[PDB]
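Notes for the structure review
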Amino acid sequence: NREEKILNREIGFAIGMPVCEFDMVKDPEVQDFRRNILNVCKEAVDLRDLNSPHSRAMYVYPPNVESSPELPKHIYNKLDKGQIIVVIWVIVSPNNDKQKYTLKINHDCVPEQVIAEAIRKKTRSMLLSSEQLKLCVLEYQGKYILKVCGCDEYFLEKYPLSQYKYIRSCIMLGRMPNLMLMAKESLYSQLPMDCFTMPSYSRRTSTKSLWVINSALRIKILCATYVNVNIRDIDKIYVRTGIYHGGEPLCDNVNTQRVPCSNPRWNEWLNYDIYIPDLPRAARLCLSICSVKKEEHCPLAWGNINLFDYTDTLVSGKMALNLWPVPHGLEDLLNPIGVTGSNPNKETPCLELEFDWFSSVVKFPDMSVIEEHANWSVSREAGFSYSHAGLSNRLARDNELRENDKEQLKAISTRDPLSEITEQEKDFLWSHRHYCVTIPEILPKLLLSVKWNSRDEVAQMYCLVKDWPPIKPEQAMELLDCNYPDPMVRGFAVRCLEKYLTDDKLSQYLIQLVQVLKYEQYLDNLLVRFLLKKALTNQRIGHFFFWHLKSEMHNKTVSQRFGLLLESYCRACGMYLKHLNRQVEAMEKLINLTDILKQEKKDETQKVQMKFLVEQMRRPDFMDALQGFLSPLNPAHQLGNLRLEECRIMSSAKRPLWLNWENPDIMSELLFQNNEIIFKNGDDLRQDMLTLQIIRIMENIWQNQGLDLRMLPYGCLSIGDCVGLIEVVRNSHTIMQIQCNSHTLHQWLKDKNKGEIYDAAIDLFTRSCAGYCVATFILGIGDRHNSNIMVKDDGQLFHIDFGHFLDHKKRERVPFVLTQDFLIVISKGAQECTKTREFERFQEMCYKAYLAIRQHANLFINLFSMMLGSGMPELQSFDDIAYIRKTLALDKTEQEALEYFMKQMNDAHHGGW
Ligand SMILES: CC(C)n1nc(-c2ccc3oc(N)nc3c2)c2c(Cl)nc(N)nc21
């Protein structure tokens, strides 16, 4: 109807492409995805409608909570005998007259307990209810809700007060928590009923098993079209092919004969070393058109195909695959990690293929057929004699699992993901697979030890994975990267995340989880259904889910998958679509303005450029579009009226806009009265996004281990192709800005923190400096200098502009070299700043911080591994990630690692360590 057409227009504006473009995609996988995904949409809407209005309020305003209620000892020691002082505000009279009520209560208090105490202090005024009616009709703890003053953050669930990230932050930073008491009905009325409507597309020979096909794999290469090249630069061309399971070949590569580029017609049946029943479920045909002019081979275009379609059917008949351009840094002739499926641009090289025909629809076997076969294999193997078992190292006799074997398996499991498992160890792991069930964490290594080109082994692995004990969400995440293409394996990983991944951790790891969707074979899978359900049942997850997917819509490798996924999100997210559309339009106006300043007005004064900007922004359509919406950096932050006098074009290349909005919140003064965001169009912000995530994780590790090293992982969000937002840090200046001699910085902090507050400032400087020193050395971050190092007024040091990481200077560098300026502050003025107790203490923070990250090395290795899928230049292979194996000295021992870290610091600083 009329309502549907309007919804399609809204969805089209949000995703940046019209819905009709999907309707004309004839691929049944695309159409089946659009229809079948609506199950998740329905399920999510039903959970939100379950406890209306409360459950709808929990979707819109989910509790911003820490994963564990348990508090670290040093954070508990900041409290006054485990008690927190909280200020509770009440707006009385419509002239918004504010009334504060300071409460001293236990940190573990639940919001309703906090509301009751505030009522008691309010009742202390009309002290007639001291004894008589002391209860005050339950003291209406369920008629009110607590809100964070200055932003749209609510305390709707029964968590201990300290578990809310705001209060934990207030405790850690020694800040007074300011909460606003609000009526429940006042919040519920704001929330509309999102009555989800199903779209109009919801309304829309013989079969033989794969294993009953006694035949080797053959694939016919017919010809290519749109092969437009130089026959001066090229002598002859051929099609290179291979059969892969992830990035691992399942047999040797097969090439066609050489043909001139003038007539690319092979019509050749390529014969592969693989029995059709031994084809694993995630088996793919990887191909490329190459040129040869010793001789020099070179890929022209590449393409990957799943040998089984989304319905478990083995590919048959004729097929045409539109190829992709070679990405720079392609070492092999084939690109097996690359995207599977046809290039959406049909004006690209197009190879015509033909698969075998068996006079019937060949389907991958049912789990009952796999279980029957696995039980057959296990029982047959159990029956093998001493001599028979002797014929293979992949066959082990029972009563031949010594305490040495068990301890060797445990030692192999502790090894990092980037550690090579030798063929000897692979046979060993596989032969002892049943013992491996008792060490659940060994699963990634056992899975890499399986012969994926053997149905007998894979069928048994399937049964082991089915009854495999649960592993930690962080351990499970590794099983979703490019090394693990099997759907049974990935399904187990998703099931671990479903059971053990909290909303806090899902938000923290959302960038990785969105990335690994790209390594899925099909549009409809367990992972996407897990992510979409969570996005549609938690608006804080949904917000970033949308922006992460929207930011990569310009990439044609993921545009269809992300487009279709975004469409399903927008159809079911509810009222938030209209709020996202405000953000989308505000960003579009900013992209369009910044493009005009880079193109049209590049060669103009800042004064002149600002004159154009102010004139253009003050147009009624622009002015409205650019004010009165939610911050894409943090949607709890409302961006009110634009303070044009506070806005400015920054004197940097890319011409970033320093933007300022009023905070329209009633109690904006208690948090921040103005929201300052940097809009940058020109720079790829994905590397900074990853570094900022990692920095936050590193900080969390140190804080839990009782190491108070304060970091500053400021907000950074990529919203498109080299476009995004950066959070401004209030009251901070670069080392260059301070410099107005070596004592300049120390004197500046003395001036900013005189008297009894001086010692706290030096301590905060040293602790933050120690954290950044260790973080930057491990991650191989871009060279530090006076303009990319910043210091807050309170003494908090932090870094900006990461840009590059790891082995970017292509022999392990120290990005943050502590000049005498930093050392003088550390040593409280002392000239001999190396030979001081303050420096010795600072070194011990660096050593403890270094080793703490060494302890969590598999996490960081895994987080980087899951990000190989994104087209980041600095993160293109597992050898790039191997930089953190060097900086962390993983092969070396803990004491040898400290000696390594010390040596690097000693050489960089020219003594001291
Ligand atoms: C040059 C100066 C005005 N400045 N520049 C950035 C900045 C600008 C772009 C950035 O890009 C990245 N990745 N970090 C950045 C940091 C920045 C921040 Cl966050 N906070 C404050 N208080 N001042 C800042």
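1. Re the domain arrangement of the chain
By the assigned domains, the chain splits into domain 1 (207–363) and domain 2 (367–579). Each of domain 1 and domain 2 has a C-alpha centre, and the two are 27 Å apart. Listed as interface residues are 20 residues of domain 1 and, on the opposing side, 17 residues of domain 2. Between domain 1 and domain 2, a total of about 1,700 Å² is buried, with carbon and sulfur atoms accounting for 65% of that surface. Connecting domain 1 to domain 2 are 0 salt bridges. Taken together, the connections running from domain 1 to domain 2 amount to 5 residue pairs in polar contact. When the residues that make up the side of domain 1 that touches domain 2 are grouped by side-chain class, the tally is 13 nonpolar, 3 polar and 4 charged.

2. Side note on the packing of aromatic side chains
Scanning the entire structure with this criterion turns up 22 aromatic pairs. Taken together, a centroid distance of 6.5 Å and an interplanar angle of 45° make the contact between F546 and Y569 tilted. One end of the pair, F546, is in helix α21 (residues 539–551); the other, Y569, is in helix α22 (residues 559–572), with 23 residues separating them in the sequence. Summarising the burial analysis for this pair, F546 and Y569 share the class buried. Through successive ring pairs, a cluster of aromatic residues spans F777, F839, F842, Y847, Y850, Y900, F901 and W913. A cation over an aromatic ring shows up here: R455 above the ring of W211, its NZ or CZ 5.0 Å from the ring centre. In this structure, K589 is placed above the aromatic ring of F622, and the distance from its NZ or CZ to the ring centre is 5.2 Å.

3. Some details on the side chain of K518
Inspection of the secondary structure assignment puts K518 in the loop between α19 (510–515) and α20 (526–535). Here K518 falls in the buried class, since its relative accessible area comes to 18%. A distance of 2.8 Å separates a polar atom in the side chain of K518 from a polar atom in the side chain of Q515. Discounting residues that sit within four places of it in the chain, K518 has contacts with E552, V558, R561, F562, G869 and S870.

4. Let's talk about the nonpolar core
Formed by 255 residues in total, the largest nonpolar core has its most connected members in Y569, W702 and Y850. It is helix α29 (residues 758–779) that provides the largest number of residues to this core, a total of 12 residues. Counting residues domain by domain, this core receives three or more from each of domain 1 (207–363) and domain 2 (367–579). With near-sequence residues (within four places) excluded, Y850 lies in contact with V774, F777, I778, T887, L888, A889, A897, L898, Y900 and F901. Residues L103, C109, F155 and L161 belong to the second largest nonpolar core, which totals 29 residues.

5. Details of the sheet that holds strand β3 (residues 144–148)
If you trace the 5 strands from one edge of the open sheet to the other, you get β2-β1-β5-β3-β4, paired in mixed fashion. The open sheet terminates on both sides in strands that have one partner only, identified here as β2 (97–106) and β4 (154–155). For strand β1 (residues 83–92) and strand β5 (residues 178–183), the ladder comprises 3 bridges, and the chain directions are parallel. From the neighbouring strand, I88 faces β5, where its bridge partner is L179. Set on the sheet, helix α7 (residues 111–123) makes contact with β1, β2, β3, β4 and β5; between it and β2 the angle comes to about 120°. Against the sheet, helix α8 (residues 165–173) touches β1, β3, β4 and β5, its axis set at about 155° to β5.

6. Re the site of the ligand
The environment of the ligand is made up of 14 residues, and the closest members are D688, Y714, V729, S732 and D801. In the complex, the protein chains occlude 86% of the 510 Å² of accessible area that the ligand would expose alone. Among the secondary structure elements, those contributing two or more residues to the shell around the ligand are β22 (674–681) and β24 (723–727).

7. Concerning the pattern of salt bridges
Opposite charge on two side chains permits pairing when their charged atoms draw close. Summed over the entire model, instances satisfying the criterion amount to 41 salt bridges. Via salt bridges that share partners, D23, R34, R204, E567 and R571 belong to a single interconnected network.

8. Regarding the sheet that holds β24
If you walk across this open sheet you meet the 5 strands as β20-β21-β22-β24-β23, and the pairing is antiparallel. What marks the edges here is a single partner per strand, and that holds for β20 (648–649) and β23 (716–720). For β22 and β24, the ladder comprises 5 bridges, and the chain directions are antiparallel. Bridging from a neighbouring strand, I678 pairs with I726 of β24. The sheet contacts of helix α23 (residues 576–598) involve β20, β21 (657–662), β22, β23 and β24, and relative to β22 the element is tilted by about 55°.

9. Quick notes on the pairing of strand β8 (residues 236–245)
Along β8, 9 of the 10 residues are buried, which leaves the element largely enclosed by surrounding structure. Relative to strand β12 (residues 283–292), β8 is paired through 10 bridges, and the arrangement is antiparallel. Bridging across to β12, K236 finds its partner in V292. Relative to strand β10 (residues 254–255), β8 runs antiparallel, the two sharing 2 bridges. Considered in β10, the bridge of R240 is made with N255. Here β8 runs beside strand β9 (residues 248–249); their pairing, made up of 2 bridges, is antiparallel. When the sheet's bridge partners are listed, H245 is paired in β9 with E248. Once β8 ends, the chain turns through 2 residues before running back antiparallel as β9, passing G246 with a positive phi of about 75°.

Quick notes on the rules
Residues numbered from 1 in each chain as written, not as in the entry; some residues may be left out. Heavy atoms only, no water. Residues with missing side-chain atoms left out of burial classes, pairs and counts. Domains from an automatic or database assignment. Contact = heavy atoms within 4.5 Å. Buried area = accessible area lost by both parts, 1.4 Å probe. Salt bridge = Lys/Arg side-chain N within 4 Å of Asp/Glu carboxyl O. Polar contact = N/O pair within 3.5 Å; in protein donor to acceptor, adjacent residues only side chain to side chain. Nonpolar A, V, L, I, M, F, W, Y, C, P; charged D, E, K, R; others polar. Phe/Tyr/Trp six-rings, centres within 6.5 Å; stacked < 30°, edge-to-face > 60°. Helix = DSSP H or I, 4+ residues; strand = E, 2+ residues; numbered from the N terminus. Buried < 20%, exposed > 50% of the residue type's maximum accessible area, 1.4 Å probe, protein only. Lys NZ or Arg CZ within 6 Å of the ring centre and 35° of its normal. Core = buried A, V, L, I, M, F, W, Y, C linked by side-chain atoms within 4.5 Å. Pairing = 2+ DSSP bridges. Axes fitted to C-alpha atoms, helices over the stretch in contact; angles between N-to-C directions. Near = heavy atom within 4 Å. Areas by Shrake-Rupley, 256 points an atom, 1.4 Å probe, with all protein chains shown as cover.

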